[PDB]
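> this one's a deposited entry, sequence included:
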Amino acid sequence: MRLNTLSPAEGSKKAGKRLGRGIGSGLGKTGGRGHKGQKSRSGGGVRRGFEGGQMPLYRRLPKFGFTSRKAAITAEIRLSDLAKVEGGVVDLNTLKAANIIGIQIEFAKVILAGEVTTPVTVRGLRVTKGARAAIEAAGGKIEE
Amino acid sequence: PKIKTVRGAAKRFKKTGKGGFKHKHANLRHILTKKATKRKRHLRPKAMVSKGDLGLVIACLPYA
Amino acid sequence: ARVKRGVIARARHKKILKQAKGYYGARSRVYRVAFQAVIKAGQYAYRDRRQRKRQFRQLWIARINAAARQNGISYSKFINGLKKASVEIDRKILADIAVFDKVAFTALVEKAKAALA
Amino acid sequence: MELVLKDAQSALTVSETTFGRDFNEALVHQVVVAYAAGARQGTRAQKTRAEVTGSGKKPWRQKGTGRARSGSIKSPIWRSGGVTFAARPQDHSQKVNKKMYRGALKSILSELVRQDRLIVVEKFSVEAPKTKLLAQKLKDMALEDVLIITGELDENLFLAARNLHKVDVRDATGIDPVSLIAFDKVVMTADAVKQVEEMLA
RNA sequence: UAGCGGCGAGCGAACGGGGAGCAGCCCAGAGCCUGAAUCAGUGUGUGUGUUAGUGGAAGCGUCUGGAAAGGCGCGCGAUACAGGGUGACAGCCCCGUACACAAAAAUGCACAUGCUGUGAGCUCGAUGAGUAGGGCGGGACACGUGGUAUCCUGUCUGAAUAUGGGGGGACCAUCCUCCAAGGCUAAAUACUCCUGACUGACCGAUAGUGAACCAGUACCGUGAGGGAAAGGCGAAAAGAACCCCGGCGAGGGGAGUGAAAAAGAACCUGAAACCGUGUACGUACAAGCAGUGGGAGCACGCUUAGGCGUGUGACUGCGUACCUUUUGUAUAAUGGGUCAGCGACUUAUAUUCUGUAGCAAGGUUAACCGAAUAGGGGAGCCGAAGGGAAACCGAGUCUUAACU
RNA sequence: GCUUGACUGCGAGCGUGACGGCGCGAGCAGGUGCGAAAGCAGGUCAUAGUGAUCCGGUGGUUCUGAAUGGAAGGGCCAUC
Ligand SMILES: [Mg+2]
Ligand SMILES: [Mg+2]
Ligand SMILES: [Mg+2]
Ligand SMILES: [Mg+2]
Ligand SMILES: [Mg+2]
Ligand SMILES: [Mg+2]
Ligand SMILES: [Mg+2]
Ligand SMILES: [Mg+2]
Ligand SMILES: [Mg+2]
Ligand SMILES: [Mg+2]
Ligand SMILES: [Mg+2]
Ligand SMILES: [Mg+2]
Ligand SMILES: [Mg+2]
Ligand SMILES: [Mg+2]
Ligand SMILES: [Mg+2]
Ligand SMILES: [Mg+2]
Ligand SMILES: [Mg+2]
Ligand SMILES: [Mg+2]
Ligand SMILES: [Mg+2]
Ligand SMILES: [Mg+2]
Ligand SMILES: [Mg+2]
Ligand SMILES: [Mg+2]
Ligand SMILES: [Mg+2]
Ligand SMILES: [Mg+2]
Ligand SMILES: [Mg+2]
Ligand SMILES: [Mg+2]
Ligand SMILES: [Mg+2]
Ligand SMILES: [Mg+2]
Ligand SMILES: [Mg+2]
Ligand SMILES: [Mg+2]
Ligand SMILES: [Mg+2]
Ligand SMILES: [Mg+2]
Ligand SMILES: [Mg+2]
Ligand SMILES: [Mg+2]
Ligand SMILES: [Mg+2]
Ligand SMILES: [Mg+2]
């Protein structure tokens, strides 16, 4: 082990392409650009979504929906997150403190995702049909 | 700098569970009396973006 | 990391100009002209390694013909006669014998004449 | 895992994950390359055609003279012209994931042990900040090109090692990946081994 | 991201969170006690910084060489082996460097303290009107008049008075929150004409400044303005005394100096294009991209012959340059007089994919702190859940009254 | 002659398109007309008779509603 006996892993330092450096290289002259037109030019090319002038897809199609401001303050909790809180009591404050939900979250739902192995008390949170069965099976309690 | 979303595209496409995009069908805005109820019924549910168009939508939506 | 091309450039031109020795005027003096000369020289040399094989056989045939005719038979009938006689001596050797061993070549003609009789 | 002490003839109980793990060359290489890149200053520039001194006047008319068309006297095609892709100062430092850094240190230490380049001692100090005293201690210990890692910073030892090119002195906190490789032997104090073990979990 | 937007191209927040830094005051006035906190101007004193400086370790022999720092042998200093110079590469020759010190005088910053001016504390008051608001036209807000709150105001108007007024994004009620139409305020932030110290996977004379050099010069232009070229003898000038040809030339030949003049001032090295002198071979009956394949002869080497190296090339088969652009170019299409040097896919930040590495249902920290490539910092961000426009439901969900 | 199937929700499976789309479709649920019944009817023998998106209008609506209750505005469905 020396400063002149260290090598990178095979395939980890692939050499970059160097356009316009002769015939032998395979990338000489046009540099993989082909012949003439807009795309061959320096700074040449069309913008994202441009289709030649035909009404583009993101314009042919209509807009839909609205953004719900409530969805942004609503989070989901996995059963695998209940054991991660300090205290055995799962509230909005406990999940925030355990870094499970965002500081600005005002509503949360416990869902059947992962497993609950310890008895836990869930408070002031919505619980799904399946997650209620899982929490109660593990010796837990669900209160408003 | 950060890539900028094509804001018009963000109002028309939504990324689904497996990576594709859902959109609203064209032709259900006006000139509706002449259109058959069957035709207008099939234009009501959302549809998926086609293979040929994915590249275009994905280019417009780098943060989807 | 500024790189000066001089040493590499000089070696490249020198390599080409050395291959250009004996060529006329600019062809042995001026890089641009010398470079085109050396490529053409290689192009003809590639072509003529194939052509050499053609020119030598054409010469062997012509000599065998002359020597076959001196012994009263044409090249075509002589080659046929040797083929029927199961003689496998080639055109390079036959043309050599035609020049350096006129007695052995006459013996080959008799062997060819016998197989056509 | 046990490390034999040179002259004390004792043994130190060390983590087999820190001093007995297999060498990951790829991992070590990435961290040593990143370290040498982190030592880079990146201070330089050249002038683009925009930054070369002179005016925006077209050297000669577009048509009629028989000369190739010119636009700028600062053209990168031209002698005295700007540099096409002119350098700007740049930051060559790379991110090294915390775990990748520690894993590389573990791998280096384990190779030093494996190649019998790691020497453990109870104490390593000098009486006064005198280069001659350390030179004599190294001669007696049969050491020449060596890295001395102490538990806590020893000022006399640091001063005595300064004019010795083949010698460096570090506290356990100040260790680096290049230094651990750059010297023939590495002398570690019992307290330094204890401190490095706590660092590398 | 939310939004704004011929809802195009684009433009682009805030709330909240993590950090650097943190500091609060006065007037709208009178009385009581009075120069009581602070601030500025400025005399003095001390600390300390700047503007000159002082000391600063330790090597000699031998070899080569013109010369020793190089090789070899044996010593020695090092809190000094940063760096530079010295006849080749020096820790110990010289200047330095580590470290330790120094100011008659002027000045910066702190505190201490003198003086002039300013006012502290307490009680009772007072509480910014052509203003807020409005109509019209504009402008500013990420927000383009939109359903458009908020801010400024050119024009026309115009309140309430803490039982009062503003804001919470049209607007109303309720509630919460703040108090406009007076003023001051350090830090964290931005920058470099200049001064000092240091540093560079920056350049090294067509580069790096336009300028390594008497360069913003010479030169051009009425002027604003534009704007070059141009570095290297040698260690030391020891820069060639003296003689000769020549016009008391230019230039040269000797002599001498020097290690070298295969350093002579047009001076290190001294490429290429281009131009000569000499020799070998070919060439004055011979038609074309000038080569290539065959090949005699001549010259010159070999080998102790061996039908072989090297140079040349009579004669002979084949054979219309290169680039570019084109369906297609010997093309009578384009480009290049030749040489040398330079001259074109980069860089930053996002984003995705492949390779590779770490860790893995987790992965990783940003600013910043720092013990400074460590460690701290998990604010965040991506992922382990989706469906639906959404409310919402959730391994499902949406669709529909309900789905075979 | 009687009538409103020129139905509402869907749709196995196909056709034709670079795409946006366009077309054919038995069968399922609800409700309906005609026929004694088997049945037939989701317009017209079939293939032309058309205009994406944005912006805006009207009606409906277990959606949203920037402190909160409303409202404005937005969404969704129908349509211009
Ligand atoms: Mg690259
Ligand atoms: Mg081209
Ligand atoms: Mg073309
Ligand atoms: Mg093209
Ligand atoms: Mg968090
Ligand atoms: Mg509609
Ligand atoms: Mg030559
Ligand atoms: Mg040819
Ligand atoms: Mg330049
Ligand atoms: Mg870190
Ligand atoms: Mg911006
Ligand atoms: Mg904050
Ligand atoms: Mg603080
Ligand atoms: Mg000294
Ligand atoms: Mg020399
Ligand atoms: Mg007030
Ligand atoms: Mg106001
Ligand atoms: Mg509207
Ligand atoms: Mg409100
Ligand atoms: Mg005020
Ligand atoms: Mg400076
Ligand atoms: Mg220059
Ligand atoms: Mg030069
Ligand atoms: Mg003279
Ligand atoms: Mg001499
Ligand atoms: Mg001489
Ligand atoms: Mg010279
Ligand atoms: Mg002749
Ligand atoms: Mg001729
Ligand atoms: Mg011919
Ligand atoms: Mg043509
Ligand atoms: Mg042709
Ligand atoms: Mg031509
Ligand atoms: Mg030309
Ligand atoms: Mg009936
Ligand atoms: Mg509300």
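It's in. Numbering: from 1, shown residues only, chains lettered A, B, ... in the order given. Ligands and ions are numbered 1, 2, ... in the order given.
> these two touch, right, residue A:38 and residue A:47?
No: the criterion here is CB atoms under 8 Å, and residue A:38 misses it with residue A:47 at 11.6 Å. For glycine as for every other residue, the C-beta is placed from the backbone atoms N, C-alpha and C.
> contact residues of chain B facing RNA strand E?
Within reach of RNA strand E by CB under 7 Å from any atom of the strand, chain B has these residues: B:1-8, B:10-11, B:14, B:16-18, B:22, B:44-46, B:62-63.
> now, of those, which are buried?
Buried subset of the residues of chain B next to RNA strand E (neighbour count, 16 or more other CB atoms under 10 Å in any protein chain shown): B:6, B:14.
> where strands are concerned, which of the residues of chain B next to RNA strand E count?
Mapping those onto strands (DSSP state E) picks out B:14, B:22.
> for chain D, which helix is longest?
Ranked by residue count under DSSP state H, the longest helix found in chain D is helix D:98-114.
> list the buried ones in it?
Along helix D:98-114, these residues count as buried under the neighbour rule (16+ other CB under 10 Å): D:100-113.
> and the next element down the chain from that helix?
Counting by DSSP states H and E, the element after helix D:98-114 in chain order, helix or strand, is strand D:118-121.
> can I get that following strand as CSV, trimmed to CA atoms?
Coordinates of each C-alpha in strand D:118-121 appear next as CSV, following Å, rounded to 0.1, in the frame of the first residue of the first chain:
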residue,chain,number,x,y,z
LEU,D,118,2.0,-0.4,12.4
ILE,D,119,4.0,-0.3,15.6
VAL,D,120,2.2,0.1,19.0
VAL,D,121,4.1,1.6,22.0
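> OK, contacts around the most centrally placed residue in chain B?
Chain B has residue B:23 as the residue nearest its centroid, 2.5 Å off, counting by CA atoms, centre = their mean. With contact taken as CB atoms under 8 Å, 6 or more residues apart in numbering or on different chains, residue B:23 is in contact with A:61, A:64, B:12, B:13, B:14, B:46, B:47, B:48, B:49.
> how much space between it and residue B:63?
Remark: distance between residue B:23 and residue B:63 (CB to CB, to the nearest Å) = 17 Å.
> again, but for residue A:34
As for residue A:34, its distance to residue B:63 is 32 Å (criterion: CB to CB).
> cool, residue D:162 as well?
Taking CB to CB, one finds residue D:162 at 54 Å from residue B:63.
> now do residue B:43
Applying CB to CB, the value for residue B:43 to residue B:63 is 29 Å.
> so where do the helices sit in chain C?
Here chain C has its helices, by DSSP H, at C:6-19, C:31-70, C:75-84, C:91-100, C:102-116.
> which residues touch the closest residue to residue A:125 other than its chain neighbours?
The spatial neighbour of residue A:125 that comes closest, neighbours along the chain excluded (CB to CB, 6 or more residues apart in numbering or on different chains), is residue A:108 at 4.9 Å. By CB under 8 Å, 6+ apart, residue A:108 lies in contact with A:74, A:75, A:76, A:77, A:92, A:95, A:101, A:125, A:126.
> max-length helix in chain B?
Using DSSP H, we find that the single longest helix of chain B is helix B:51-60.
> residues in contact with it?
With CB under 8 Å, 6+ apart, helix B:51-60 has contacts from A:48-49, A:51, A:56-58, B:5-6, B:9-10, B:13, B:20-21, B:49, B:64.
> repeat that for stretch A:55-62.
For stretch A:55-62, using CB under 8 Å, 6+ apart, the contacting residues are A:49-51, B:6, B:8-9, B:12-13, B:23-26, B:28-29, B:49, B:53, B:56-57, B:60.
> buried among those? Need that as a selection in ChimeraX.
Applying 16+ other CB under 10 Å to those leaves a buried subset, and the ChimeraX line that selects it is:
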select /A:49 /B:6,9,12,13,23,24,49,53,56,57,60
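> report the separation between the closest residue in space to residue A:106 that isn't next to it in sequence and RNA strand E.
In this structure, residue A:106 finds its nearest non-sequential neighbour in residue A:73, 4.4 Å apart by CB to CB, 6+ apart. Here residue A:73 is placed at a distance of 9 Å from RNA strand E (CB to the nearest atom of the strand, to the nearest Å).
> and residue A:73, what does it touch?
The contact partners of residue A:73, by CB under 8 Å, 6+ apart, come to A:104, A:105, A:106, A:107.
> from the residues you listed, list the buried ones, please.
Neighbour-count burial (16+ other CB under 10 Å) applied to these gives residue A:105.
> check the contacts of residue A:73 and tell me the two furthest apart.
A:104 and A:107 (11.0 Å; CB to CB).
> the helices in the chain, which residues?
Reading this off chain A. A:57-60, A:92-97, A:129-137.
> try again with chain B
Counting by DSSP H, the helices of chain B are B:7-10, B:37-42, B:51-60.
> save these as TSV, and put in distance to residue C:80 too.
Below are those laid out as TSV (distance: least, CB to CB, whole Å):
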stretch	distance to residue C:80
helix B:7-10	83
helix B:37-42	85
helix B:51-60	69
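> what distance do you get for residue A:138 to RNA strand E?
Distance, residue A:138 to RNA strand E, using CB to the nearest atom of the strand: 15 Å.
> quick one: neighbours of that residue, just the number.
16 (other CB atoms under 10 Å in any protein chain shown).
> before we move on, the earlier item: so which of the helices of chain A is nearest residue D:1?
Among the helices of chain A, helix A:92-97 comes nearest to residue D:1, with 39.7 Å by CB to CB.
> list the residues that contact the closest residue to residue C:112 other than its chain neighbours.
Once flanking residues are discounted, residue C:112 sits nearest to residue C:81: 2.8 Å by CB to CB, 6+ apart. If you count contacts by CB under 8 Å, 6+ apart, residue C:81 has them with C:73, C:111, C:112, C:113, C:114, C:115, C:116.
> I figured the fourth one hits residue C:74, correct?
To tie it back to what came earlier, the one meant is residue C:113. No: assessed by CB under 8 Å, residue C:113 is found out of contact with residue C:74, at 11.7 Å.
> distance check, the spatially most central residue of chain C against chain A.
Geometric centre of chain C, nearest residue: residue C:52, 2.4 Å, by CA atoms, centre = their mean. Here the criterion is CB to the nearest CB, to the nearest Å. By it, residue C:52 lies 29 Å from chain A.
> now swap in residue B:39 and tell me
According to CB to the nearest CB, residue B:39 and chain A sit 16 Å apart.
> neighbours around that residue, how many?
12.
> for residue A:121, same thing?
Neighbours of residue A:121 (other CB under 10 Å): 16.
> got a list of what it touches?
The contact partners of residue A:121, taken as CB under 8 Å, 6+ apart, are A:88, A:89, A:90, A:140, A:141, A:143.
> ok, which of the residues you listed also contact chain B?
Among those, not one lies near chain B by CB under 8 Å from any CB of the partner chain.
> what's the closest of those to residue D:46?
Proximity of the contacts of residue A:121 to residue D:46 (CB to CB) peaks at residue A:90, which lies at 61.3 Å.
> hey, what's the closest one bridged with?
Residues in a beta bridge with residue A:90, per DSSP bridges, are residue A:122.
> residue contacts, it?
Applying CB under 8 Å, 6+ apart, the residues near residue A:90 are A:77, A:82, A:110, A:120, A:121, A:122, A:123, A:125.
> let's see 10 Å
A:77, A:81-84, A:98, A:100, A:108, A:110, A:120-125, A:127, A:135, A:140, A:142 (CB atoms under 10 Å, 6 or more residues apart in numbering or on different chains).
> buried subset of the residues you listed as a ChimeraX selection?
A single ChimeraX command selects the buried members of the contacts of residue A:90 (16+ other CB under 10 Å):
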select /A:77,81,82,83,98,100,108,110,120,121,122,125,127,135,140,142
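> looking at chain A, which residue is nearest chain D?
residue A:9 (3.7 Å; CB to the nearest CB).
> once you drop chain neighbours, what's closest to that residue?
residue D:26 (3.7 Å).
> now the one you found: which helix or strand?
In this structure, residue D:26 sits in helix D:25-38 according to DSSP H and E.
> check residue D:159 too.
Per DSSP H and E: helix D:155-161 holds residue D:159.
> show me which residues of chain B sit near chain A.
Chain B comes close to chain A at residues B:3-4, B:6-14, B:22-29, B:46-47, B:49-50, B:52-62, as judged by CB under 10 Å from any CB of the partner chain.
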